[PDB]
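Reproduced below: protein.tsv, with TSV, C-alpha atoms.
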chain	number	residue	atom	x	y	z
S	539	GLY	CA	13.47	-34.99	-3.07
S	540	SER	CA	12.36	-37.94	-5.19
S	541	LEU	CA	13.08	-38.41	-8.90
S	542	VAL	CA	11.69	-41.48	-10.67
S	543	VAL	CA	12.06	-42.51	-14.32
S	544	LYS	CA	9.69	-45.10	-15.77
S	545	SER	CA	7.91	-46.08	-18.97
S	546	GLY	CA	4.76	-44.32	-20.08
S	547	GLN	CA	3.45	-47.33	-21.97
S	548	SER	CA	2.01	-50.23	-19.98
S	549	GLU	CA	2.27	-52.86	-22.73
S	550	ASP	CA	4.14	-53.65	-25.98
S	551	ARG	CA	7.12	-55.17	-24.20
S	552	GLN	CA	10.57	-54.80	-25.78
S	553	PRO	CA	9.99	-51.87	-28.17
S	554	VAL	CA	11.24	-51.89	-31.76
S	555	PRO	CA	14.33	-49.89	-32.80
S	556	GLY	CA	13.36	-46.37	-33.81
S	557	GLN	CA	9.88	-46.78	-32.32
S	558	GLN	CA	8.32	-43.88	-30.45
S	559	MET	CA	7.86	-44.52	-26.75
S	560	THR	CA	6.87	-42.30	-23.83
S	561	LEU	CA	9.36	-41.68	-21.05
S	562	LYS	CA	7.63	-40.81	-17.78
S	563	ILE	CA	9.47	-38.73	-15.18
S	564	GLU	CA	7.96	-38.12	-11.74
S	565	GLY	CA	9.71	-35.57	-9.55
S	566	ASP	CA	9.37	-32.59	-7.27
S	567	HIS	CA	7.78	-29.48	-8.75
S	568	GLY	CA	10.21	-26.81	-9.93
S	569	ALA	CA	13.31	-28.98	-10.40
S	570	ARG	CA	15.51	-29.11	-13.50
S	571	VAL	CA	16.26	-32.59	-14.87
S	572	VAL	CA	19.17	-33.67	-17.07
S	573	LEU	CA	19.10	-36.91	-19.07
S	574	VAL	CA	21.55	-39.34	-20.63
S	575	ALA	CA	20.81	-42.73	-22.20
S	576	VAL	CA	23.75	-45.07	-22.79
S	577	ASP	CA	24.16	-48.59	-24.12
S	578	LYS	CA	24.89	-50.99	-21.26
S	579	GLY	CA	27.74	-52.44	-23.33
S	580	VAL	CA	29.84	-49.38	-22.50
S	581	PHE	CA	29.46	-50.21	-18.80
S	582	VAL	CA	30.34	-53.86	-19.44
S	583	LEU	CA	33.61	-52.48	-20.84
S	584	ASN	CA	34.02	-49.97	-17.99
S	585	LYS	CA	31.56	-49.40	-15.13
S	586	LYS	CA	34.02	-47.41	-13.00
S	587	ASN	CA	33.46	-43.79	-11.95
S	588	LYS	CA	29.67	-44.15	-12.24
S	589	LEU	CA	28.15	-41.38	-10.13
S	590	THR	CA	25.27	-42.17	-7.78
S	591	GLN	CA	23.41	-40.64	-4.86
S	592	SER	CA	25.15	-42.92	-2.35
S	593	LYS	CA	28.60	-41.77	-3.47
S	594	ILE	CA	27.37	-38.18	-3.10
S	595	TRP	CA	26.52	-38.80	0.56
S	596	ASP	CA	29.88	-40.57	0.82
S	597	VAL	CA	31.72	-37.38	-0.14
S	598	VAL	CA	29.62	-35.36	2.32
S	599	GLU	CA	30.53	-37.69	5.20
S	600	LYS	CA	34.20	-37.44	4.17
S	601	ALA	CA	33.96	-33.65	4.61
S	602	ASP	CA	32.49	-33.87	8.12
S	603	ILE	CA	34.36	-32.01	10.86
S	604	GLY	CA	33.12	-34.34	13.61
S	605	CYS	CA	35.50	-37.11	14.59
S	606	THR	CA	33.73	-39.16	17.29
S	607	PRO	CA	30.41	-41.05	17.52
S	608	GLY	CA	29.56	-38.93	20.56
S	609	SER	CA	30.54	-38.69	24.23
S	610	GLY	CA	34.02	-37.52	25.21
S	611	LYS	CA	36.56	-37.20	27.98
S	612	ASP	CA	34.69	-34.18	29.41
S	613	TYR	CA	32.20	-31.50	28.40
S	614	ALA	CA	34.91	-29.79	26.34
S	615	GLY	CA	35.79	-33.03	24.56
S	616	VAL	CA	32.11	-33.65	23.82
S	617	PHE	CA	31.79	-30.44	21.81
S	618	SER	CA	35.31	-30.59	20.35
S	619	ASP	CA	34.77	-34.15	19.12
S	620	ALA	CA	31.33	-33.28	17.72
S	621	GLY	CA	32.74	-30.28	15.86
S	622	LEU	CA	31.65	-27.36	18.03
S	623	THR	CA	33.33	-24.47	19.83
S	624	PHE	CA	31.99	-23.23	23.16
S	625	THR	CA	33.01	-20.15	25.14
S	626	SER	CA	31.42	-18.44	28.14
S	627	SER	CA	31.84	-15.26	30.15
S	628	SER	CA	32.87	-17.35	33.17
S	629	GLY	CA	35.89	-18.90	31.45
S	630	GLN	CA	34.92	-22.44	30.49
S	631	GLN	CA	35.64	-23.00	26.81
S	632	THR	CA	36.29	-25.75	24.29
S	633	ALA	CA	39.71	-27.20	23.57
S	634	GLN	CA	41.76	-25.44	20.90
S	635	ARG	CA	41.84	-27.12	17.48
S	636	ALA	CA	44.03	-25.93	14.59
S	637	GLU	CA	43.71	-28.83	12.11
S	638	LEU	CA	40.96	-29.34	9.54
S	639	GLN	CA	41.39	-33.12	9.46
S	640	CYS	CA	40.40	-35.62	12.19
S	641	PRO	CA	43.15	-37.23	14.26
S	642	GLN	CA	43.99	-40.61	12.81
S	643	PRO	CA	43.16	-43.76	14.81
S	644	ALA	CA	46.03	-46.05	15.75
S	645	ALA	CA	44.51	-49.05	13.93
K	2	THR	CA	-29.93	-65.08	-58.09
K	3	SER	CA	-28.61	-67.06	-55.15
K	4	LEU	CA	-26.85	-65.08	-52.45
K	5	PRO	CA	-23.11	-65.59	-51.92
K	6	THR	CA	-21.94	-68.51	-49.82
K	7	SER	CA	-20.35	-68.65	-46.34
K	8	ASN	CA	-16.74	-67.57	-46.86
K	9	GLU	CA	-16.79	-65.82	-50.26
K	10	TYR	CA	-18.46	-62.72	-48.81
K	11	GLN	CA	-16.15	-62.72	-45.78
K	12	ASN	CA	-12.99	-62.96	-47.88
K	13	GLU	CA	-14.24	-60.09	-50.05
K	14	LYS	CA	-14.84	-57.85	-47.03
K	15	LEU	CA	-11.25	-58.39	-45.87
K	16	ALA	CA	-9.88	-57.66	-49.35
K	17	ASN	CA	-11.90	-54.44	-49.64
K	18	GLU	CA	-10.38	-53.35	-46.32
K	19	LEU	CA	-6.86	-54.05	-47.61
K	20	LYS	CA	-7.54	-52.34	-50.95
K	21	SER	CA	-8.61	-49.20	-49.09
K	22	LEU	CA	-5.34	-48.88	-47.17
K	23	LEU	CA	-3.37	-49.68	-50.33
K	24	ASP	CA	-5.01	-46.77	-52.17
K	25	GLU	CA	-3.46	-44.34	-49.67
K	26	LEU	CA	-0.23	-46.35	-49.38
K	27	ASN	CA	1.63	-44.25	-51.96
K	28	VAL	CA	0.45	-41.16	-50.06
K	29	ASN	CA	1.63	-42.46	-46.68
K	30	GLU	CA	4.99	-43.62	-48.06
K	31	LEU	CA	5.30	-40.11	-49.49
K	32	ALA	CA	4.18	-38.53	-46.20
K	33	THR	CA	7.09	-40.17	-44.37
K	34	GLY	CA	9.49	-38.38	-46.72
K	35	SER	CA	9.59	-35.39	-44.37
K	36	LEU	CA	9.41	-37.63	-41.28
K	37	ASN	CA	12.14	-39.50	-39.41
K	38	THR	CA	13.90	-42.50	-40.93
K	39	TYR	CA	12.06	-44.81	-38.52
K	40	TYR	CA	8.78	-44.26	-40.37
K	41	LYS	CA	10.38	-44.50	-43.82
K	42	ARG	CA	11.91	-47.82	-42.77
K	43	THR	CA	8.73	-49.09	-41.10
K	44	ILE	CA	6.18	-48.30	-43.80
K	45	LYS	CA	8.08	-49.67	-46.81
K	46	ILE	CA	8.51	-52.91	-44.85
K	47	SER	CA	4.81	-52.95	-43.93
K	48	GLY	CA	3.85	-51.92	-47.47
K	49	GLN	CA	5.06	-55.00	-49.35
K	50	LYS	CA	3.41	-57.29	-46.79
K	51	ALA	CA	0.01	-55.89	-47.76
K	52	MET	CA	0.88	-55.84	-51.47
K	53	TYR	CA	1.88	-59.51	-51.46
K	54	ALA	CA	-1.09	-60.41	-49.25
K	55	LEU	CA	-3.63	-58.96	-51.69
K	56	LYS	CA	-2.38	-60.76	-54.81
K	57	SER	CA	-1.89	-64.00	-52.85
K	58	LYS	CA	-5.33	-63.94	-51.14
K	59	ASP	CA	-3.82	-65.63	-48.07
K	60	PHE	CA	-6.18	-65.03	-45.14
K	61	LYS	CA	-3.35	-65.27	-42.60
K	62	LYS	CA	-1.16	-62.68	-44.32
K	63	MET	CA	-4.08	-60.43	-45.31
K	64	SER	CA	-5.31	-60.21	-41.71
K	65	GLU	CA	-1.90	-59.42	-40.21
K	66	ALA	CA	-0.91	-56.97	-42.96
K	67	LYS	CA	-4.19	-55.11	-42.43
K	68	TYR	CA	-3.52	-54.49	-38.74
K	69	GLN	CA	0.20	-54.03	-39.42
K	70	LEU	CA	-0.51	-51.38	-42.06
K	71	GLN	CA	-3.18	-49.84	-39.83
K	72	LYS	CA	-0.74	-49.41	-36.94
K	73	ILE	CA	1.95	-47.63	-38.97
K	74	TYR	CA	-0.78	-45.43	-40.47
K	75	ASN	CA	-1.80	-44.38	-36.95
K	76	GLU	CA	1.85	-43.73	-36.08
K	77	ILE	CA	2.11	-41.42	-39.10
K	78	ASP	CA	-1.12	-39.64	-38.12
K	79	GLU	CA	0.19	-38.89	-34.62
K	80	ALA	CA	3.59	-37.94	-36.06
K	81	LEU	CA	2.10	-35.34	-38.42
K	82	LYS	CA	-0.09	-33.80	-35.71
K	83	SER	CA	2.77	-33.51	-33.22
K	84	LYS	CA	5.12	-32.18	-35.93
K	85	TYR	CA	2.61	-29.44	-36.90

For the file at hand, write its structure as structure tokens.
Amino acid sequence: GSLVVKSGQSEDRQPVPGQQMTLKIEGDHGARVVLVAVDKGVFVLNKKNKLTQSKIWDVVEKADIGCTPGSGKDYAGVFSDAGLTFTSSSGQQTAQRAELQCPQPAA
Amino acid sequence: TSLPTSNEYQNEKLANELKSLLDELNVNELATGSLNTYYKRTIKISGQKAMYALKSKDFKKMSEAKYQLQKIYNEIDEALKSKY
């Protein structure tokens, strides 16, 4: 989707402590939003483990069952490297795989 | 009689404006009693500024205190309406 947080006011820069201000949140209709406002000094002490959208996609890619940027040794290796199983009535079928992880490169 | 001169009438108009807000000052300071501590802090700070400005007759301080006291008054008005 698209969630955006911005100020409602368009002037009165640097508000006063305790002052009322308007927080404006633009986002897809029907979604539930959770908020947290923290002093940046806490992150100057420790900014580790900060969750973000990029690290979310990082965990998704780390759970991928595909192990090759395409191609393969043959038609069976194409599907087996992509993460697919193929089987036909004729007899042609994908290579057997019994491991969740991807084979490790030699490096 | 002769009519008042250039600035005497103007200075009186400003003072009358400040006197008006000061009459309801004790009410507004009281009204913040059930409001958040931000208002209670803000109005008592803005209150003395107007009080000193009136007895000093300083145009600079009387002008600012007027608009300073007017702003916190408007903040209280919105606060009471949204508090219901």

Quick one: residues within 12 Å of residue S:539, all atoms listed in the file, excluding same-chain residues fewer than 5 positions away - as a PyMOL selection string?
chain S and resi 564-569+591

Using all atoms listed in the file, I'd like every residue of chain K that has an atom within 10 Å of chain S; please write them out as a PyMOL selection string.
chain K and resi 37-40+42-43+76+80

Report the centre and edge lengths, in Å to one decimal, of an axis-aligned box enclosing every atom of stretch 605-614 of chain S listed in the file, padded by 8 Å on each side, as lines of an AutoDock Vina configuration file.
center_x = 33.1
center_y = -35.4
center_z = 22.0
size_x = 23.0
size_y = 27.3
size_z = 30.8

Select all residues near (-5.6, -47.3, -45.1) (cut-off 10 Å, inclusive, file coordinates), counting all atoms listed in the file, and output them as a PyMOL selection string.
chain K and resi 18-26+28-29+67-68+70-75

Using C-alpha atoms, can you write the selected residues to a file as a short mmCIF file (atom, residue, chain, number, x, y, z; two decimals), keeping the file's coordinate frame?
data_model
loop_
_atom_site.label_atom_id
_atom_site.label_comp_id
_atom_site.auth_asym_id
_atom_site.auth_seq_id
_atom_site.Cartn_x
_atom_site.Cartn_y
_atom_site.Cartn_z
CA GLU K 18 -10.38 -53.35 -46.32
CA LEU K 19 -6.86 -54.05 -47.61
CA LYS K 20 -7.54 -52.34 -50.95
CA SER K 21 -8.61 -49.20 -49.09
CA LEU K 22 -5.34 -48.88 -47.17
CA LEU K 23 -3.37 -49.68 -50.33
CA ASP K 24 -5.01 -46.77 -52.17
CA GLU K 25 -3.46 -44.34 -49.67
CA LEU K 26 -0.23 -46.35 -49.38
CA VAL K 28 0.45 -41.16 -50.06
CA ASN K 29 1.63 -42.46 -46.68
CA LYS K 67 -4.19 -55.11 -42.43
CA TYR K 68 -3.52 -54.49 -38.74
CA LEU K 70 -0.51 -51.38 -42.06
CA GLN K 71 -3.18 -49.84 -39.83
CA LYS K 72 -0.74 -49.41 -36.94
CA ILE K 73 1.95 -47.63 -38.97
CA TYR K 74 -0.78 -45.43 -40.47
CA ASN K 75 -1.80 -44.38 -36.95
#

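The smallest atom-to-atom distance between residue K:63 and any of K:85, K:8, K:3, K:16, using all atoms listed in the file, is found for K:16.
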
Set the distance at 12 Å and use only C-alpha atoms: which residues neighbour residue K:11 once local chain neighbours fewer than 6 positions away are removed? I'd like the list as a VMD selection string.
chain K and resid 5 17 to 18 60 64

Would you save the residues of that selection, restricted to C-alpha atoms, as an mmCIF file, in the frame of the given file?
data_model
loop_
_atom_site.group_PDB
_atom_site.id
_atom_site.type_symbol
_atom_site.label_atom_id
_atom_site.label_comp_id
_atom_site.auth_asym_id
_atom_site.auth_seq_id
_atom_site.Cartn_x
_atom_site.Cartn_y
_atom_site.Cartn_z
ATOM 1 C CA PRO K 5 -23.110 -65.590 -51.920
ATOM 2 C CA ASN K 17 -11.900 -54.440 -49.640
ATOM 3 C CA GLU K 18 -10.380 -53.350 -46.320
ATOM 4 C CA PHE K 60 -6.180 -65.030 -45.140
ATOM 5 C CA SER K 64 -5.310 -60.210 -41.710
#

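The spacing separating atom CA of residue K:12 from atom CA of residue K:48 amounts to 20.1 Å.
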
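Between atom CA of residue K:31 and atom CA of residue K:62 the separation is 24.0 Å.
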
Set the distance at 7 Å and use only C-alpha atoms: which residues neighbour stretch 629-633 of chain S once local chain neighbours fewer than 2 positions away are removed? I'd like the list as a PyMOL selection string.
chain S and resi 614+617-618+623-627+635

Could those residues be written to a file, using C-alpha atoms, as a tab-separated table (two decimals), keeping the file's coordinate frame?
chain	number	residue	atom	x	y	z
S	614	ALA	CA	34.91	-29.79	26.34
S	617	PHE	CA	31.79	-30.44	21.81
S	618	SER	CA	35.31	-30.59	20.35
S	623	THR	CA	33.33	-24.47	19.83
S	624	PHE	CA	31.99	-23.23	23.16
S	625	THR	CA	33.01	-20.15	25.14
S	626	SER	CA	31.42	-18.44	28.14
S	627	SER	CA	31.84	-15.26	30.15
S	635	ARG	CA	41.84	-27.12	17.48

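Here atom CA of residue S:602 is placed at a distance of 24.5 Å from atom CA of residue S:540.
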